[PDB]
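To begin, one chain is listed below as structure tokens, in the form deposited in one PDB entry.
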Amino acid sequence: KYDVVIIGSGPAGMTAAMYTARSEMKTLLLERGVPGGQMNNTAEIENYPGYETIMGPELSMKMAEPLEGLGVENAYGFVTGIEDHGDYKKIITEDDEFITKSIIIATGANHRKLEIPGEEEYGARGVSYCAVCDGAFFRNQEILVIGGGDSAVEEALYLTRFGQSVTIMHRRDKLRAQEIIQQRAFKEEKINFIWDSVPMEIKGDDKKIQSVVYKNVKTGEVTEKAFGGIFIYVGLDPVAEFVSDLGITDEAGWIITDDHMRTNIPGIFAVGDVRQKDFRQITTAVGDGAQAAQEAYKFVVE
């Protein structure tokens, strides 16, 4: 049936579908939630070339709008599995099955949340999950980072280029980050640490964050401190449950591809945040989605 099925309608998948459909490939775009993916949980985006500033859901609409006129068949699907039959592959959703010559997996990643009062309320008003994205908004402020792995500590060091101070709050008494990243953190004076502690409530006014209430997990001692921003790194997971058995993922479950977005399965490509890679952004998601589209064309051709 399909020349190509794209799983996931975030920026990578919409870019790939735009391409494949424009190139007259019979194109299906599957989505279990809402077009735009993680962009839908974003306020101001200032690093997508072409818009000085644009809101996440605005950009989601902009990217989705042309797809139907270009021929993309949009369809609801919560993809649970994929079978390769050589000449074709089968995609299994909760109520359906699709046959296709090629597959572009574009199902993204999930940023684990704190799930404390205030987190949602102040999302893009002080709460963030990405320093490259948002760090710039907090020049000379007191910045709080939550987490103790490579990500928390690396983004903390990055954020010391903006904040007056960066504080790392971790639930244990030492860090899980690599030694070299740790060494950098201990040498940087603008960083300090709050150990054995977890946040309880993110507080502020109607407009922006003003403080964080936190608790020492060993002692029970509760404390409130002023902070102007909170960056959260309590885990980042691939969203690729439906490929777990296919042999195309790494330890943590990221999809391995070559520079051409090809997985080790012929006709199966992956793009965007779901890939094993080190820079997760709209721009790199778009770049990936265009590349995979060209490769899927080529594959379907030969």
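Heads up: residue numbers just count along the shown sequence, starting at 1.
Keep in mind that the form solved in complex with a small molecule is missing from the display, and what follows is about it.
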Option from 157-165, 95-103, 172-180, 222-230 whose residues, in the deposited bound form, bring a heavy atom within 4.5 Å of the small molecule: 172-180
The unique member of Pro266, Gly247, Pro66, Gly235 whose heavy atoms fall within 4.5 Å of the small molecule in the deposited bound form: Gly235
Contacting member of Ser151, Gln141, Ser211, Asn74, with respect to the small molecule in the deposited bound form [4.5 Å, heavy atom]: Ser151
is_contact(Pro199, the small molecule) in the deposited bound form, heavy atom dist at most 4.5 Å: yes
Contact of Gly126 with the small molecule in the deposited bound form (heavy atom, 4.5 Å): no
The small molecule contact in the deposited bound form: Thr53, any heavy atom under 4.5 Å: no
Partner contact for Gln276 in the deposited bound form: the small molecule, 4.5 angstroms, heavy atom: no
Between the shown form and the other one, rigid part identical for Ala252 and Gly229: no
In the deposited bound form, whether the C-alpha atoms of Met39 and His170 sit closer or farther than here (change of 3 Å or more): closer
Direction of Cα pair change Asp288-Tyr129 in the deposited bound form, magnitude 3 angstroms or more: farther
